[PDB]
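Here the sequence shown stands for residues 1 to 63, where the numbers follow the deposited numbering.
C-beta: ideal position from N, C-alpha, C; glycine also.
Below is one structure, written out as structure tokens, with a few remarks after it.
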Amino acid sequence: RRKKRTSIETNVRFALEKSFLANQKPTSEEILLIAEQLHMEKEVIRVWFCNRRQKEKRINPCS
Numbered sequence: 001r002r003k004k005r006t007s008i009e010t011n012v013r014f015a016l017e018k019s020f021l022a023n024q025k026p027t028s029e030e031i032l033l034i035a036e037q038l039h040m041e042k043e044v045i046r047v048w049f050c051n052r053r054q055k056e057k058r059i060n061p062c063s
């Protein structure tokens, strides 16, 4: 549940961090490109960015 996974993990996010903001619209190529770097694949990529930005919103309260 946890999930949680966490998960998230890693290393990636770290890199995604800076990257996220920069652009937040990763293209197809952009990802694959970054994937080549190491260890990151389209998968977690999107999953990341996606969920990553979700945290942004928010507002949320927004809640």
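Counting the other CB atoms within 10 Å of its CB gives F49 a total of 16 or more, which places it among the buried residues.
Taking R53 as reference, the option from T10, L21, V12 and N11 with the minimal CA-CA separation is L21. According to the DSSP assignment, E30 belongs to the alpha helix (DSSP H) that extends over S28 to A35. C-alpha of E17 to C-alpha of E56: approximately 12 Å in a straight line. Close CB contacts of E41 within its chain, under the 7 Å cut and outside five residues either way in sequence, are with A35 (chain order).
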